[PDB]
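Q: The structure is given below, and queries will be raised subsequently.
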Amino acid sequence: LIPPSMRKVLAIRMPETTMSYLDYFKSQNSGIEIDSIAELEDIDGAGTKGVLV
Amino acid sequence: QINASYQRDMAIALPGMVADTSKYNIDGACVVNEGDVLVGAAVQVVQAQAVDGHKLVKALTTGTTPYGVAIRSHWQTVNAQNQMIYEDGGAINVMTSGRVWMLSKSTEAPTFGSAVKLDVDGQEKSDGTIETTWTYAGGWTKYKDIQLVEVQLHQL
Amino acid sequence: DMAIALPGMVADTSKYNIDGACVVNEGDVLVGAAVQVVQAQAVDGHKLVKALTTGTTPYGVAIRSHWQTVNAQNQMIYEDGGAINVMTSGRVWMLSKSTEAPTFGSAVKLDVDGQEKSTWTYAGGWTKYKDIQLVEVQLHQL
Amino acid sequence: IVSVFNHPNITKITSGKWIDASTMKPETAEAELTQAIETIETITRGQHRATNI
């Protein structure tokens, strides 16, 4: 689970190729699901973000 | 593509709203005189009729004793100035006992059980010149650019 | 038209409390007069009420009832040795000896007979009926 | 009568020129379009999704 504002980072196309980081990560890790949750936009109440595995 | 879900919370209260279902008392045999009354602000009594029974109320003024606080109603209130007001010459729901959300103009949260002080216009203020029997109940929140405070009213 | 009120009758339907587990210890109690608790039994739970006397703290005001008490006079009265209704919180009409209405919210004082002479507070009702001069009183429970 | 371009409560984005002195910048256009779609998705909290350009 990742913050919804971090989906743009994983969609970057990798240098000198036509495939993105998310596709490579999914190819190397088969059977793992990725979802986005707004509750992770602020965990401590002061603006800190977080990721949950 | 990664699916996303969002979340949002409602507000806690509105000005003039009854706080909770504890023992309360509403005095509905009241009439507004000489002006308009804002919901969530204290009122005073200018004359109690000896035979007819109605009480004449208006907004709070310097050197006067407050009686109660007007409450919200979707049938007895007129929508003027982009908010609810009680117009002159109409019946008003005045609460004289219980917990209520009230308009405030202070900057610091109050302490539980301390005495309530009012301003000249009828809104709560930490250093007001009007003394009241009422106490603080602990609620302290903020609607969109509006401060609110939880107040416990005892029967006069 | 109609008469406006009677002694001992509840004014409004606000928060009120009535103690029905009481009895008149001595004498007769007039409906609409203040009473005091002479003796409260610890185990039996009954309160012995009496007409207010000199230098005592009032408790409540006796109310009317068409079944509990009957009497041959025009005015109701509580007989000695009978169960009595006493209201300890709310708005009630009361006997008075004053002739001018006091200020609203003022603290009222009680005479030696149980009447209203020149803590409970005035409520705003001041009427006249058969030369009785009722007054409306707000009673709190302390 | 107010046109669609003069409404005072719609989102407006000032853009660097896509064509300056006959020079084309096809990456600025893509960045701005993606940003606009993201804004539409975000400010309505996933209730409305951009459909037409």
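Labeling convention for the structure tokens: chains A, B, ... as they appear, residues from 1 per chain, ligands from 1 in order of appearance.
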Based on only C-alpha atoms, which of the residues in chain B come within 12 Å of chain A? I want them as a ChimeraX atom specification.
A: /B:1-9
Q: Could you save those same residues with C-alpha atoms as an mmCIF file, in the first residue's frame?
A:
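Contents of the output file result-v9.cif:
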```cif
data_model
loop_
_atom_site.group_PDB
_atom_site.id
_atom_site.type_symbol
_atom_site.label_atom_id
_atom_site.label_comp_id
_atom_site.auth_asym_id
_atom_site.auth_seq_id
_atom_site.Cartn_x
_atom_site.Cartn_y
_atom_site.Cartn_z
ATOM 1 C CA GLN B 1 -2.157 1.423 -13.532
ATOM 2 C CA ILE B 2 -2.667 1.441 -9.751
ATOM 3 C CA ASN B 3 -6.161 1.790 -8.306
ATOM 4 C CA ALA B 4 -6.693 4.542 -5.740
ATOM 5 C CA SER B 5 -9.183 5.134 -2.929
ATOM 6 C CA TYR B 6 -9.787 8.311 -0.935
ATOM 7 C CA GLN B 7 -11.132 9.293 2.475
ATOM 8 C CA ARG B 8 -12.702 12.385 4.023
ATOM 9 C CA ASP B 9 -14.287 13.172 7.397
#
```
Q: Can you list every residue in chain D that DSSP puts in strand (DSSP E or B), as a list in words?
A: residues 19, 20, 23 and 24 of chain D
Q: Near residue 127 in chain B, within 12 Å and counting only C-alpha atoms, which residues show up once chain neighbours fewer than 6 positions away are dropped, as a PyMOL selection string?
A: chain B and resi 104-108+110+115-120
Q: Write down, as a PDB file with N, CA and C atoms, in the first residue's frame, each residue of chain D that has any atom within 10 Å of an atom of chain A, counting only C-alpha atoms.
A:
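The new file iface_8.pdb reads:
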```pdb
ATOM      1  N   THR D  34      -0.967  15.180 -18.731  1.00  0.00           N
ATOM      2  CA  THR D  34      -0.983  14.262 -17.597  1.00  0.00           C
ATOM      3  C   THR D  34      -1.282  14.998 -16.298  1.00  0.00           C
ATOM      4  N   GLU D  38      -4.463  14.362 -13.824  1.00  0.00           N
ATOM      5  CA  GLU D  38      -4.242  14.103 -12.406  1.00  0.00           C
ATOM      6  C   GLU D  38      -5.013  15.090 -11.537  1.00  0.00           C
ATOM      7  N   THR D  42      -7.844  14.205  -8.815  1.00  0.00           N
ATOM      8  CA  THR D  42      -7.544  14.466  -7.412  1.00  0.00           C
ATOM      9  C   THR D  42      -8.597  15.350  -6.755  1.00  0.00           C
ATOM     10  N   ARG D  45     -11.740  13.828  -5.722  1.00  0.00           N
ATOM     11  CA  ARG D  45     -11.575  12.673  -4.838  1.00  0.00           C
ATOM     12  C   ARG D  45     -12.128  11.395  -5.464  1.00  0.00           C
TER      13      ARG D  45
END
```
Q: Just need the residues of chain C within 8 Å of chain B, counting only C-alpha atoms, so spit them out as a list in words.
A: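 The complete set of qualifying residues is residues 4, 14, 15, 104, 105, 124, 125, 126 and 127 of chain C.
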Q: Based on the selection just made, write N, CA, C and O atoms of those residues as a compact mmCIF listing (two decimals), in the first residue's frame.
A:
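Result saved to part_15.txt:
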```
# COMPACT_ATOMS: atom_id res chain seq x y z
N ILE C 4 -57.45 32.11 35.12
CA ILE C 4 -56.09 31.93 34.62
C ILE C 4 -55.37 30.78 35.32
O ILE C 4 -54.64 30.02 34.68
N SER C 14 -42.37 21.72 31.94
CA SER C 14 -40.93 21.60 31.92
C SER C 14 -40.50 20.49 32.87
O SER C 14 -41.31 19.69 33.35
N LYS C 15 -39.20 20.42 33.14
CA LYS C 15 -38.68 19.42 34.07
C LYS C 15 -39.28 19.62 35.45
O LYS C 15 -39.10 20.67 36.08
N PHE C 104 -38.44 40.07 37.74
CA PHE C 104 -38.21 38.73 37.22
C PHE C 104 -36.81 38.26 37.59
O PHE C 104 -35.84 39.01 37.51
N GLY C 105 -36.72 37.00 38.01
CA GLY C 105 -35.46 36.43 38.43
C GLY C 105 -35.06 36.73 39.86
O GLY C 105 -33.98 36.30 40.29
N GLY C 124 -42.34 34.82 36.77
CA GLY C 124 -42.90 35.82 35.87
C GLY C 124 -44.42 35.86 35.85
O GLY C 124 -45.00 36.73 35.20
N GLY C 125 -45.07 34.93 36.55
CA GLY C 125 -46.51 34.87 36.60
C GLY C 125 -47.04 35.53 37.85
O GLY C 125 -46.65 35.18 38.96
N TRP C 126 -47.95 36.49 37.66
CA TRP C 126 -48.55 37.24 38.76
C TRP C 126 -49.98 37.59 38.36
O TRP C 126 -50.22 38.56 37.64
N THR C 127 -50.94 36.79 38.83
CA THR C 127 -52.34 36.97 38.49
C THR C 127 -53.18 37.10 39.75
O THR C 127 -52.69 37.00 40.87
```
Q: Quick one: pull the distance between CA of residue 33 in chain D and CA of residue 51 in chain A, Å, one decimal.
A: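 A separation of 27.7 Å between them.
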Q: May I have the residues within 7 Å of residue 68 in chain B as a JSON list (two decimals) with C-alpha atoms, in the first residue's frame, using only C-alpha atoms and disregarding those fewer than 2 positions away in the same chain?
A:
```json
[["chain", "number", "residue", "atom", "x", "y", "z"],
["B", 42, "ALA", "CA", -26.99, 34.22, 24.03],
["B", 43, "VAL", "CA", -30.23, 36.15, 24.56],
["B", 66, "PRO", "CA", -28.29, 36.31, 29.88],
["B", 70, "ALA", "CA", -31.03, 29.99, 20.59],
["B", 94, "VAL", "CA", -34.43, 29.24, 23.46],
["B", 95, "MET", "CA", -32.56, 26.61, 25.48],
["B", 96, "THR", "CA", -32.13, 27.17, 29.22]]
```
Q: Excluding range 73-86 of chain C and residues on its chain fewer than 5 positions from it, collect all residues at most 7 Å away from it, counting only C-alpha atoms, and give them as number ranges by chain.
A: C: 18-20, 22-31, 60-63
Q: Per DSSP on the backbone, filter chain D down to the residues in alpha helix (DSSP H) and report them as an MDAnalysis selection string.
A: chainID D and resid 26:43
Q: Residues of the last selection are to be written out with C-alpha atoms, as an mmCIF file, in the first residue's frame.
A:
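Output (part05.cif):
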```cif
data_model
loop_
_atom_site.group_PDB
_atom_site.id
_atom_site.type_symbol
_atom_site.label_atom_id
_atom_site.label_comp_id
_atom_site.auth_asym_id
_atom_site.auth_seq_id
_atom_site.Cartn_x
_atom_site.Cartn_y
_atom_site.Cartn_z
ATOM 1 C CA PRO D 26 6.134 17.564 -27.616
ATOM 2 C CA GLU D 27 7.161 16.627 -24.055
ATOM 3 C CA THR D 28 5.751 19.763 -22.413
ATOM 4 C CA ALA D 29 2.367 18.967 -23.964
ATOM 5 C CA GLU D 30 2.419 15.422 -22.579
ATOM 6 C CA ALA D 31 3.462 16.628 -19.123
ATOM 7 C CA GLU D 32 0.705 19.252 -19.038
ATOM 8 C CA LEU D 33 -1.976 16.824 -20.230
ATOM 9 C CA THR D 34 -0.983 14.262 -17.597
ATOM 10 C CA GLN D 35 -0.963 16.965 -14.915
ATOM 11 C CA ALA D 36 -4.445 18.140 -15.939
ATOM 12 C CA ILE D 37 -5.827 14.592 -15.834
ATOM 13 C CA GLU D 38 -4.242 14.103 -12.406
ATOM 14 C CA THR D 39 -5.785 17.364 -11.170
ATOM 15 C CA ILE D 40 -9.253 16.314 -12.345
ATOM 16 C CA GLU D 41 -8.848 12.932 -10.644
ATOM 17 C CA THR D 42 -7.544 14.466 -7.412
ATOM 18 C CA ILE D 43 -9.714 17.498 -6.653
#
```
Q: Please, what distance in Å, to one decimal, runs between CA of residue 12 in chain C and CA of residue 89 in chain C?
A: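 A separation of 11.6 Å between them.
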